[PDB]
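Participant: Structure in structure tokens, see below.
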Amino acid sequence: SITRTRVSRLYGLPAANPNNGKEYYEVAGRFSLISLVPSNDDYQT
Amino acid sequence: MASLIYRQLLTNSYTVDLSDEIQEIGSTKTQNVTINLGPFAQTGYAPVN
Numbered sequence: 438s439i440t441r442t443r444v445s446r447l448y449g450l451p452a453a454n455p456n457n458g459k460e461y462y463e464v465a466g467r468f469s470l471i472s473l474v475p476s477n478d479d480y481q482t
Numbered sequence: 001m002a003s004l005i006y007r008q009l010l011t012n013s014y015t016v017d018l019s020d021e022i023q024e025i026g027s028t029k030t031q032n033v034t035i036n037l038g039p040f041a042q043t044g045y046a047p048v049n
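Structural data, given as structure tokens:
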């Protein structure tokens with residue numbers, strides 16, 4: 438909201454100060470990758 | 001002897017029938033060939049949309 442102003446009780450996160458005084462936000466978890474790379478000790482069973 | 005070979009051909013003529021029986025029966029009771037795949041794995045692309 439913005440006090441002294443009738444435009445109040447809206448939703449969203451403002452662009453005025455999105456950090457809320459914090460140096461950073463963090464999100465942590467697992468990473469699962471399937472990539473294509475060279476091959477070694479192969480050409481047979 | 002050298003005519004015994006003709007006599008032997010005649011005598012053993014019966015095996016023609018056994019060979020025909022082989023030819024006709026094996027082709028009805030043959031097992032489907034299964035391939036040994038290569039040492040690689042035939043990978044390609046992923047499902048692209």
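If you're matching them up, the sequences are chains 1 and 2 in order. For the first sequence, PDB author numbering begins at 438 and goes up steadily by one. For the second sequence, PDB author numbering begins at 1 and goes up steadily by one. Cβ coordinates follow ideal geometry from the N, Cα and C atoms, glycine included.
Count Cβ pairs between the region 7 to 19 of chain 2 and the region 442 to 459 of chain 1 that sit closer than 8 Å; are there 3 or more?
Facilitator: no
Participant: Whether or not the region 25 to 37 of chain 2 and the region 453 to 473 of chain 1 are in contact is what I'm after, with contact meaning three or more pairs of Cβ atoms, one per stretch, closer than 8 Å; do they touch?
Facilitator: no
Participant: If you reduce the DSSP assignment to three classes, tell me which class residue 450 (chain 1) lands in.
Facilitator: coil
Participant: If you run the structure through DSSP and keep just helix, strand and coil, what is residue 457 (chain 1)?
Facilitator: Coil at residue 457 (chain 1), not helix or strand.
Participant: Three-state secondary structure (DSSP) at residue 476 (chain 1)?
Facilitator: coil
Participant: Using the C-alpha atoms, what's the distance from residue 30 (chain 2) back to residue 1 (chain 2)?
Facilitator: 40 Å
Participant: So, helix, strand or coil for residue 5 (chain 2), using DSSP?
Facilitator: helix
Participant: Going by the CB atoms, is the gap between residue 39 (chain 2) and residue 481 (chain 1) shorter than 8 Å?
Facilitator: Taking 8 Å as the cut-off, the beta carbon of residue 481 (chain 1) is found closer than this to the beta carbon of residue 39 (chain 2).
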